[PDB]
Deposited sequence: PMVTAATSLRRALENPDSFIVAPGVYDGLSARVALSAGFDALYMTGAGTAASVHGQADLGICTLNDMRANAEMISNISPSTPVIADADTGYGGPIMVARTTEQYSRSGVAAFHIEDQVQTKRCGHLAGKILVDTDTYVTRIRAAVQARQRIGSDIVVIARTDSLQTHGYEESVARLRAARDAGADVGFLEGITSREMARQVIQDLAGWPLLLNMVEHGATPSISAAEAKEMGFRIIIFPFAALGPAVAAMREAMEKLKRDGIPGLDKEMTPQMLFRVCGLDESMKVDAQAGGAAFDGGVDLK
């Protein structure tokens, strides 16, 4: 039988000693680089999928199709490594939440977050309608015997302020969500409070540096009491800076002038050539 990295994530979350550190990846390449560096979890950023798949800002231009194709691909690079995937607002009503839940599960996604924003347009949907997306996800994975981890995100902080944020989290905890995600915590003090306010329920810190949140390392998050830290820009920021200074060097020099170690063979190795080659060798033949 098939196993998923949902089940080992779930099992690590039911354990108070485990802390999940998941760099933000957005494509095959970033996923391979992060895995080679020895990360035991990855986070598929939706801002990065929008940037890579469509070359757009994150304005809600990825469909279910895009987002699931990208999460399934990242989940199956290393199937025993948990992937936490953005799932925006679930791509419609409860029928669409269920469909997303089932498709992410079949794809081997370990966890996905679902938020309280309006599909289209930060504009928010009433709490009732939000818990409706939560319930439909929990019931969907329940129908298919899936251990996928439901993360409940709330984008209500700046809009409606701390207590309303904590209210909407608690409503989603009561409707079955496995983890809470307060977007844009504004101080270390608010991060300690929310751990205490939703005591005993796992929480996820979103660590995008240089924004509403002070810079909190993974050892410090763990000690404040979070259960997951994600860094959605760990790969994007570096990649964009280097591609820009590489492009400009090419435009000056007329040749990329890459280090003698960036052979194409090496980039196929980063992408698991050796493993493909033994998959081909094992089937008999041949081509290598």
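Positions of the deposited sequence absent from the coordinates, in order: 122 to 128, 296 to 302.
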